[PDB]
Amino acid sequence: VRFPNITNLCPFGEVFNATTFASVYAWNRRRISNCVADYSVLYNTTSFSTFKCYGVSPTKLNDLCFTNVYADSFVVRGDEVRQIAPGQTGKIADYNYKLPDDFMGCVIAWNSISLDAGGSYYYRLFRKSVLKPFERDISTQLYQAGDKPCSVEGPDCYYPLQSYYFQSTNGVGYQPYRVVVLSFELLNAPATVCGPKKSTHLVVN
């Protein structure tokens, strides 16, 4: 006989192992729900250059349950991965992707020069105000730096979105890195995502 599909495995393969990734200014957000998140496949990985988790322990994820789990993915430069953390500043954190100050979840990154060489990846260089936590600005409106209004890109009128140029001869800091931001939230509510050890815990109705 065949063991039943009482619970399903979370689509971490569709997220981490995706063929293409989003730009930081337009980061892709995927909801994870009604599945068992096996973090052991993420642990058995040598390519992950970053694996930092906040509010929780990276060794206790397979034994925890959460009411709402999100998966955010984008491609950022190597020296900008540090900005994908609570309380950080910079062009990426201020104008592209800002983690909340009281952020519970994990931030995983790995080098992708083998796949994202060349590539169409953009970042926002200018913005009137700093991005609020988990906000997305996909606007293409010119940035008015001076007092003179902007009718076309010119002296004091800059186009907001600027392009990345990824080459193999670049340093590690300027090389492309794929970031996956797992965002966790636990409330006094039924659980939607659980670890393998807590598989029966509230994942069943």
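Each residue number is its position in the shown sequence, starting from 1.
Higher average CA B factor: 62-70, of the stretches 175-183 and 62-70. Judged by mean Cα B factor in the deposited record, 35-43 ranks above the other of 35-43 and 48-56. Taking the deposited Cα B-factors for 94, 79, 135, 116, the highest one is held by 116. Ranked against the other modelled residues of its chain, the C-alpha B-factor of residue 167 as given in the entry falls in the highest third.
Among the modelled residues of its chain, residue 155 has a C-alpha B-factor that falls in the middle third, as given in the PDB entry.
For residue 9, the recorded CA temperature factor ranks within the highest third of the chain's modelled residues.
When all modelled residues of the chain are sorted by CA temperature factor, residue 189 is found within the highest third.
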